[PDB]
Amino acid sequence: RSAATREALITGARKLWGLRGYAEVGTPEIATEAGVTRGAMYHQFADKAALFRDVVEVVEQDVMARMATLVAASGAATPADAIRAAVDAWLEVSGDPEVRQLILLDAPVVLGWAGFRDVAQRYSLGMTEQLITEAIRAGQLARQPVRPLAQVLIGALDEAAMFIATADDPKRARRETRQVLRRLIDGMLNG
């Protein structure tokens, strides 16, 4: 009931901000797109940023599900290959124009640096730790504490995507950044 109003607001905001950016669409337009009144919207979300926070949750969940799907489909036969495929999967999902606009461009502004990292952490860490733990167990990555490596890799990957997202030639940035990420990955991976 209130749940339905929330879902419709989230879906509408996600679509519209996905196309034009956070800064460019006001809450009244989103309400109308969702078919709810300003009163019903304000009951669910005190302000714009509160709606954005729930939009980021749904988008990041879908980012993580899409990553798992691409890693499972990549045909990686070793943990090392799976790490390589995960890097490609992120460059692929981060290039989706909605993910680019909402996560790479709008979320660092609206949530701050700490808020963005918090979101990135909660969604990304588990899978990152997992892939690391598996390469280690297979002897393909030197034995280490998992959390610090995970954190650095996440920071490097999030920054890679941002650099592609704002570059004048996205196509060249993506290719050159992929090479960079490859070398950095291949420098810690054994074989």
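When you see a residue number, it is the position in the sequence shown, counting from 1. In this text, the rigid core denotes the largest set of C-alpha atoms whose superposition between the two forms falls within 1.5 Å.
- Averaged over structures and residues, the CA distance from the shown form in 8 other deposited structures of this protein after a core fit is larger for 178-186, of the two stretches 7-15 and 178-186.
- Larger average C-alpha displacement in 8 other deposited structures of this protein, relative to the shown form after a rigid core fit, is seen for 119-127 when comparing 58-66 with 119-127.
- The question of which stretch, 126-134 or 149-157, has the higher mean Cα B factor is settled in favour of 126-134.
- In this entry, 171-179 shows the higher mean Cα temperature factor of the pair 9-17 and 171-179.
- For the set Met64, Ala142, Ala46, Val55, the maximum C-alpha B-factor listed in the entry falls on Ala46.
- Comparing the listed residues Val93, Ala85, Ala72, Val109, the entry records the largest Cα B-factor for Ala72.
- Ranked within its chain, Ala165 lands in the middle third, by CA B factor from the PDB record.
- Ranked against the other modelled residues of its chain, the C-alpha B-factor of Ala34 as given in the entry falls in the highest third.
- Annotation for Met41: C-alpha temperature factor in the highest third relative to the rest of the modelled chain, per the entry.
- When all modelled residues of the chain are sorted by CA temperature factor, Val119 is found within the middle third.
- Split the chain's modelled residues into thirds by C-alpha temperature factor. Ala76 is in the highest one.
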